[PDB]
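See below for upload30.pdb, which holds PDB, C-alpha atoms.
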```pdb
ATOM      1  CA  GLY A   1       0.000   0.000   0.000  1.00  0.00           C
ATOM      2  CA  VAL A   2       1.488   3.269  -1.160  1.00  0.00           C
ATOM      3  CA  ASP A   3       0.861   6.378  -3.221  1.00  0.00           C
ATOM      4  CA  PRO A   4       0.342   5.180  -6.854  1.00  0.00           C
ATOM      5  CA  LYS A   5       3.717   6.640  -8.095  1.00  0.00           C
ATOM      6  CA  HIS A   6       5.005   2.995  -8.403  1.00  0.00           C
ATOM      7  CA  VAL A   7       5.793   3.636 -12.114  1.00  0.00           C
ATOM      8  CA  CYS A   8       6.501   0.632 -14.347  1.00  0.00           C
ATOM      9  CA  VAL A   9       8.792  -1.694 -16.149  1.00  0.00           C
ATOM     10  CA  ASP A  10       6.654  -4.122 -18.095  1.00  0.00           C
ATOM     11  CA  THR A  11       6.192  -6.144 -21.269  1.00  0.00           C
ATOM     12  CA  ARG A  12       8.666  -6.430 -24.121  1.00  0.00           C
ATOM     13  CA  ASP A  13       6.583  -4.140 -26.331  1.00  0.00           C
ATOM     14  CA  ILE A  14       3.863  -2.030 -24.779  1.00  0.00           C
ATOM     15  CA  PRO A  15       1.474  -0.472 -27.304  1.00  0.00           C
ATOM     16  CA  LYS A  16       2.156   3.042 -28.554  1.00  0.00           C
ATOM     17  CA  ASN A  17      -1.342   4.108 -27.649  1.00  0.00           C
ATOM     18  CA  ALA A  18      -0.768   2.460 -24.325  1.00  0.00           C
ATOM     19  CA  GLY A  19       1.168   2.690 -21.148  1.00  0.00           C
ATOM     20  CA  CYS A  20       2.402   0.177 -18.646  1.00  0.00           C
ATOM     21  CA  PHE A  21       2.243   0.274 -14.947  1.00  0.00           C
ATOM     22  CA  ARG A  22       3.854  -1.931 -12.357  1.00  0.00           C
ATOM     23  CA  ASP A  23       1.639  -1.818  -9.298  1.00  0.00           C
ATOM     24  CA  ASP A  24       1.906  -2.095  -5.527  1.00  0.00           C
ATOM     25  CA  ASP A  25       1.820  -5.888  -5.438  1.00  0.00           C
ATOM     26  CA  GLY A  26       4.604  -6.053  -7.995  1.00  0.00           C
ATOM     27  CA  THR A  27       2.308  -6.705 -10.909  1.00  0.00           C
ATOM     28  CA  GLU A  28       3.310  -5.632 -14.389  1.00  0.00           C
ATOM     29  CA  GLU A  29       0.467  -4.612 -16.632  1.00  0.00           C
ATOM     30  CA  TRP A  30      -0.286  -2.240 -19.436  1.00  0.00           C
ATOM     31  CA  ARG A  31      -3.490  -0.508 -20.396  1.00  0.00           C
ATOM     32  CA  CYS A  32      -4.807   1.742 -23.114  1.00  0.00           C
ATOM     33  CA  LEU A  33      -4.605   5.469 -22.687  1.00  0.00           C
ATOM     34  CA  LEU A  34      -7.728   7.487 -22.059  1.00  0.00           C
ATOM     35  CA  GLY A  35      -9.823   7.815 -25.155  1.00  0.00           C
ATOM     36  CA  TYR A  36      -8.368   4.615 -26.584  1.00  0.00           C
ATOM     37  CA  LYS A  37      -9.487   1.019 -26.714  1.00  0.00           C
ATOM     38  CA  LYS A  38      -8.037  -2.422 -27.286  1.00  0.00           C
ATOM     39  CA  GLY A  39      -7.318  -3.481 -30.839  1.00  0.00           C
ATOM     40  CA  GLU A  40      -5.684  -6.818 -31.632  1.00  0.00           C
ATOM     41  CA  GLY A  41      -5.583  -8.059 -28.062  1.00  0.00           C
ATOM     42  CA  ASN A  42      -2.218  -6.500 -27.261  1.00  0.00           C
ATOM     43  CA  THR A  43      -2.606  -3.157 -28.952  1.00  0.00           C
ATOM     44  CA  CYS A  44      -4.148   0.075 -27.938  1.00  0.00           C
ATOM     45  CA  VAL A  45      -5.878   2.272 -30.448  1.00  0.00           C
ATOM     46  CA  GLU A  46      -7.551   5.653 -30.320  1.00  0.00           C
ATOM     47  CA  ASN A  47     -11.223   4.916 -29.720  1.00  0.00           C
ATOM     48  CA  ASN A  48     -12.518   8.448 -30.317  1.00  0.00           C
ATOM     49  CA  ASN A  49     -15.918   7.104 -29.243  1.00  0.00           C
ATOM     50  CA  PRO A  50     -15.117   6.044 -25.636  1.00  0.00           C
ATOM     51  CA  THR A  51     -17.941   5.177 -23.299  1.00  0.00           C
ATOM     52  CA  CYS A  52     -17.968   4.892 -19.534  1.00  0.00           C
ATOM     53  CA  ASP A  53     -18.633   1.214 -18.995  1.00  0.00           C
ATOM     54  CA  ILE A  54     -15.462  -0.113 -20.526  1.00  0.00           C
ATOM     55  CA  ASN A  55     -13.225  -0.276 -17.508  1.00  0.00           C
ATOM     56  CA  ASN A  56     -14.785   3.016 -16.365  1.00  0.00           C
ATOM     57  CA  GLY A  57     -14.128   4.463 -19.807  1.00  0.00           C
ATOM     58  CA  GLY A  58     -10.491   3.503 -19.581  1.00  0.00           C
ATOM     59  CA  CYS A  59     -10.047   4.569 -15.975  1.00  0.00           C
ATOM     60  CA  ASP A  60      -9.423   2.813 -12.734  1.00  0.00           C
ATOM     61  CA  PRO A  61     -12.418   2.141 -10.491  1.00  0.00           C
ATOM     62  CA  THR A  62     -10.641   4.466  -8.068  1.00  0.00           C
ATOM     63  CA  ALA A  63     -10.538   6.989 -10.870  1.00  0.00           C
ATOM     64  CA  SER A  64     -13.912   8.740 -10.927  1.00  0.00           C
ATOM     65  CA  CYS A  65     -15.120   8.272 -14.486  1.00  0.00           C
ATOM     66  CA  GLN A  66     -17.018  10.980 -16.223  1.00  0.00           C
ATOM     67  CA  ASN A  67     -18.271  10.402 -19.724  1.00  0.00           C
ATOM     68  CA  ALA A  68     -17.942  13.404 -21.942  1.00  0.00           C
ATOM     69  CA  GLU A  69     -17.516  14.402 -25.555  1.00  0.00           C
ATOM     70  CA  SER A  70     -14.615  16.573 -26.631  1.00  0.00           C
ATOM     71  CA  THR A  71     -12.477  17.236 -29.682  1.00  0.00           C
ATOM     72  CA  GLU A  72      -9.837  15.158 -27.899  1.00  0.00           C
ATOM     73  CA  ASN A  73     -10.422  11.462 -27.271  1.00  0.00           C
ATOM     74  CA  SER A  74      -8.358  11.764 -24.103  1.00  0.00           C
ATOM     75  CA  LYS A  75     -10.655  14.585 -22.996  1.00  0.00           C
ATOM     76  CA  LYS A  76     -13.767  12.467 -23.426  1.00  0.00           C
ATOM     77  CA  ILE A  77     -13.324  10.087 -20.554  1.00  0.00           C
ATOM     78  CA  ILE A  78     -12.470  11.906 -17.390  1.00  0.00           C
ATOM     79  CA  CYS A  79     -10.550   9.775 -14.937  1.00  0.00           C
ATOM     80  CA  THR A  80     -10.095  11.332 -11.515  1.00  0.00           C
ATOM     81  CA  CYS A  81      -8.146   9.460  -8.872  1.00  0.00           C
ATOM     82  CA  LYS A  82      -9.503  10.348  -5.401  1.00  0.00           C
ATOM     83  CA  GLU A  83      -7.744  11.636  -2.262  1.00  0.00           C
ATOM     84  CA  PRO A  84      -6.214   8.238  -1.189  1.00  0.00           C
ATOM     85  CA  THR A  85      -4.870   8.012  -4.685  1.00  0.00           C
ATOM     86  CA  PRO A  86      -2.637  11.134  -4.944  1.00  0.00           C
ATOM     87  CA  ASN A  87      -1.122   9.709  -8.083  1.00  0.00           C
ATOM     88  CA  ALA A  88      -2.349   8.148 -11.284  1.00  0.00           C
ATOM     89  CA  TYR A  89      -1.065   5.258 -13.336  1.00  0.00           C
ATOM     90  CA  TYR A  90      -0.273   7.196 -16.518  1.00  0.00           C
ATOM     91  CA  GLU A  91      -3.198   9.532 -17.244  1.00  0.00           C
ATOM     92  CA  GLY A  92      -5.547   8.039 -14.680  1.00  0.00           C
ATOM     93  CA  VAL A  93      -5.994   4.889 -16.710  1.00  0.00           C
ATOM     94  CA  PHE A  94      -5.325   3.243 -13.379  1.00  0.00           C
ATOM     95  CA  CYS A  95      -4.718   4.543  -9.800  1.00  0.00           C
ATOM     96  CA  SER A  96      -3.765   3.200  -6.328  1.00  0.00           C
ATOM     97  CA  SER A  97      -5.892   3.614  -3.215  1.00  0.00           C
ATOM     98  CA  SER A  98      -3.588   2.882  -0.310  1.00  0.00           C
ATOM     99  CA  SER A  99      -1.221   5.841   0.011  1.00  0.00           C
TER     100      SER A  99
END
```
Represent the supplied structure as structure tokens.
Amino acid sequence: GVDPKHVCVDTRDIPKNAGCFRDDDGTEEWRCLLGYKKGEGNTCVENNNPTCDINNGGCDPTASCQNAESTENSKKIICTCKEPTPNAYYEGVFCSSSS
């Protein structure tokens, strides 16, 4: 349990429209940046029509998801990590609630 700043060292090749995060438990995972979705299993691709539903729109359940529509795909899904999550895994695609 710590503030989400764990950063990452994951996976051979993490998708360009993606980012990896290595969590508190020591896990190594990657996800698809906000306003993006999963393509060929291990690729992230700009969704440009993101909905809140899909992993909170691309957020972490500890990242308050707000569905919105903006010129930017990354500005469509709003991921807000709460007080016990002072940090965000990448853009808020994931967060850690144990700081």
Task: Option closest in space to residue A:88, from A:51, A:1, A:59, A:10 [counting all atoms listed in the file] - done: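 Result for the nearest residue to residue A:88: A:59.
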Open item on the list: Can you spell out as a list in words the set of residues that the PyMOL selection byres ((chain A and resi 66) around 6) selects in the structure I just provided?
Closed with: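 For this structure, the PyMOL selection byres ((chain A and resi 66) around 6) resolves to residues 65, 67, 77 and 78 of chain A.
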- [ ] Tell me, in Å to one decimal, how far atom CA of residue A:49 is from atom CA of residue A:36.
- [x] 8.4 Å
Open item on the list: Given the point (-3.2, -7.3, -28.4) in the file's coordinates, find the residues that have an atom at most 12 Å from it, counting all atoms listed in the file, and give them as JSON, numbers by chain.
Closed with: {"A": [11, 13, 14, 15, 16, 17, 18, 30, 31, 32, 37, 38, 39, 40, 41, 42, 43, 44, 45]}
Open item on the list: List the spatial neighbours of residue A:58 as a PyMOL selection string - criterion: any atom at most 7 Å away, all atoms listed in the file, same-chain residues fewer than 3 positions off excluded.
Closed with: chain A and resi 32-34+54-55+93
- [ ] Between atom CA of residue A:50 and atom CA of residue A:2, measure the distance and give it in Å to one decimal.
- [x]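 Taking atom CA of residue A:50 as the start and atom CA of residue A:2 as the end point, the length is 29.7 Å.
The coordinates place atom CA of residue A:48 at 8.1 Å from atom CA of residue A:76.
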Task: residue A:6 surroundings by all atoms listed in the file, 10 Å radius, close-in-sequence under 6 positions cut, as a ChimeraX atom specification - done: /A:21-26,87-89,95-96
Starting from 6 Å padding per side, set up an axis-aligned box that covers all listed atoms of stretch 36-53 of chain A and hand over centre and edge lengths in Å, one decimal, as AutoDock Vina command-line options.
```
--center_x -10.4 --center_y 0.2 --center_z -25.3 --size_x 28.4 --size_y 28.5 --size_z 24.6
```
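You can rank A:35, A:82, A:92, A:20 by their closest distance to residue A:68 using all atoms listed in the file, and at the top of that list sits A:35.
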TODO: May I ask which of the residues A:19, A:64, A:70, A:85 is the closest one to residue A:97, counting only C-alpha atoms?
DONE: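 Of A:19, A:64, A:70, A:85, the one nearest residue A:97 is A:85, counting only C-alpha atoms.
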TODO: Name the closest residue to residue A:7 among the candidates A:29, A:81, A:47, A:98; distances are taken between atoms, counting only C-alpha atoms.
DONE: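 That would be A:29, the residue with the smallest distance to residue A:7.
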Task: Nearest residue to residue A:80 from the set A:27, A:60, A:99, A:9 (distances using all atoms listed in the file) - done: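 Smallest distance to residue A:80 is found for A:60.
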N, CA, C and O atoms restored at stretch 49-66 of chain A, emitted as a PDB file, keeping the file's coordinate frame:
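File written: rebuild_38.pdb
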```
ATOM      1  N   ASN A  49     -14.546   7.236 -29.720  1.00  0.00           N
ATOM      2  CA  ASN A  49     -15.918   7.104 -29.243  1.00  0.00           C
ATOM      3  C   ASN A  49     -15.936   6.266 -27.951  1.00  0.00           C
ATOM      4  O   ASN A  49     -16.572   5.211 -27.882  1.00  0.00           O
ATOM      5  N   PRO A  50     -15.180   6.702 -26.934  1.00  0.00           N
ATOM      6  CA  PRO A  50     -15.117   6.044 -25.636  1.00  0.00           C
ATOM      7  C   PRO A  50     -16.388   6.221 -24.827  1.00  0.00           C
ATOM      8  O   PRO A  50     -16.996   7.292 -24.816  1.00  0.00           O
ATOM      9  N   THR A  51     -16.770   5.165 -24.151  1.00  0.00           N
ATOM     10  CA  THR A  51     -17.941   5.177 -23.299  1.00  0.00           C
ATOM     11  C   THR A  51     -17.535   4.808 -21.880  1.00  0.00           C
ATOM     12  O   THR A  51     -16.579   4.051 -21.688  1.00  0.00           O
ATOM     13  N   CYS A  52     -18.232   5.328 -20.883  1.00  0.00           N
ATOM     14  CA  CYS A  52     -17.968   4.892 -19.534  1.00  0.00           C
ATOM     15  C   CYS A  52     -18.797   3.642 -19.338  1.00  0.00           C
ATOM     16  O   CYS A  52     -20.015   3.661 -19.540  1.00  0.00           O
ATOM     17  N   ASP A  53     -18.131   2.587 -18.889  1.00  0.00           N
ATOM     18  CA  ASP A  53     -18.633   1.214 -18.995  1.00  0.00           C
ATOM     19  C   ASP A  53     -17.447   0.302 -19.188  1.00  0.00           C
ATOM     20  O   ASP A  53     -17.262  -0.676 -18.472  1.00  0.00           O
ATOM     21  N   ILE A  54     -16.629   0.665 -20.171  1.00  0.00           N
ATOM     22  CA  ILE A  54     -15.462  -0.113 -20.526  1.00  0.00           C
ATOM     23  C   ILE A  54     -14.339   0.226 -19.589  1.00  0.00           C
ATOM     24  O   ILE A  54     -13.592   1.173 -19.833  1.00  0.00           O
ATOM     25  N   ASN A  55     -14.248  -0.518 -18.504  1.00  0.00           N
ATOM     26  CA  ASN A  55     -13.225  -0.276 -17.508  1.00  0.00           C
ATOM     27  C   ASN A  55     -13.297   1.179 -17.065  1.00  0.00           C
ATOM     28  O   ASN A  55     -12.287   1.871 -17.003  1.00  0.00           O
ATOM     29  N   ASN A  56     -14.527   1.645 -16.825  1.00  0.00           N
ATOM     30  CA  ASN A  56     -14.785   3.016 -16.365  1.00  0.00           C
ATOM     31  C   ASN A  56     -14.386   4.008 -17.451  1.00  0.00           C
ATOM     32  O   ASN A  56     -13.962   5.112 -17.158  1.00  0.00           O
ATOM     33  N   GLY A  57     -14.477   3.588 -18.705  1.00  0.00           N
ATOM     34  CA  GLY A  57     -14.128   4.463 -19.807  1.00  0.00           C
ATOM     35  C   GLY A  57     -12.651   4.409 -20.138  1.00  0.00           C
ATOM     36  O   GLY A  57     -12.184   5.099 -21.045  1.00  0.00           O
ATOM     37  N   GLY A  58     -11.926   3.568 -19.421  1.00  0.00           N
ATOM     38  CA  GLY A  58     -10.491   3.503 -19.581  1.00  0.00           C
ATOM     39  C   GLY A  58      -9.772   3.945 -18.323  1.00  0.00           C
ATOM     40  O   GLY A  58      -8.559   4.110 -18.311  1.00  0.00           O
ATOM     41  N   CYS A  59     -10.535   4.077 -17.253  1.00  0.00           N
ATOM     42  CA  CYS A  59     -10.047   4.569 -15.975  1.00  0.00           C
ATOM     43  C   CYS A  59      -9.899   3.422 -15.008  1.00  0.00           C
ATOM     44  O   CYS A  59     -10.161   2.271 -15.327  1.00  0.00           O
ATOM     45  N   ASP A  60      -9.497   3.761 -13.819  1.00  0.00           N
ATOM     46  CA  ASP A  60      -9.423   2.813 -12.734  1.00  0.00           C
ATOM     47  C   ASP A  60     -10.649   3.042 -11.899  1.00  0.00           C
ATOM     48  O   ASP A  60     -11.175   4.140 -11.892  1.00  0.00           O
ATOM     49  N   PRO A  61     -11.204   1.999 -11.284  1.00  0.00           N
ATOM     50  CA  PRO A  61     -12.418   2.141 -10.491  1.00  0.00           C
ATOM     51  C   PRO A  61     -12.241   3.167  -9.374  1.00  0.00           C
ATOM     52  O   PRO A  61     -13.214   3.676  -8.817  1.00  0.00           O
ATOM     53  N   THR A  62     -10.982   3.458  -9.057  1.00  0.00           N
ATOM     54  CA  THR A  62     -10.641   4.466  -8.068  1.00  0.00           C
ATOM     55  C   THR A  62     -10.426   5.813  -8.749  1.00  0.00           C
ATOM     56  O   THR A  62     -10.191   6.833  -8.105  1.00  0.00           O
ATOM     57  N   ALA A  63     -10.493   5.787 -10.068  1.00  0.00           N
ATOM     58  CA  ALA A  63     -10.538   6.989 -10.870  1.00  0.00           C
ATOM     59  C   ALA A  63     -11.983   7.285 -11.256  1.00  0.00           C
ATOM     60  O   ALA A  63     -12.569   6.579 -12.075  1.00  0.00           O
ATOM     61  N   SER A  64     -12.552   8.311 -10.639  1.00  0.00           N
ATOM     62  CA  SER A  64     -13.912   8.740 -10.927  1.00  0.00           C
ATOM     63  C   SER A  64     -14.079   8.972 -12.421  1.00  0.00           C
ATOM     64  O   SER A  64     -13.451   9.869 -12.984  1.00  0.00           O
ATOM     65  N   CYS A  65     -14.895   8.144 -13.060  1.00  0.00           N
ATOM     66  CA  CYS A  65     -15.120   8.272 -14.486  1.00  0.00           C
ATOM     67  C   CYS A  65     -16.278   9.190 -14.773  1.00  0.00           C
ATOM     68  O   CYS A  65     -17.355   9.087 -14.178  1.00  0.00           O
ATOM     69  N   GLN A  66     -16.018  10.087 -15.686  1.00  0.00           N
ATOM     70  CA  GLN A  66     -17.018  10.980 -16.223  1.00  0.00           C
ATOM     71  C   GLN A  66     -17.032  10.803 -17.724  1.00  0.00           C
ATOM     72  O   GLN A  66     -15.996  10.945 -18.371  1.00  0.00           O
TER      73      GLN A  66
END
```
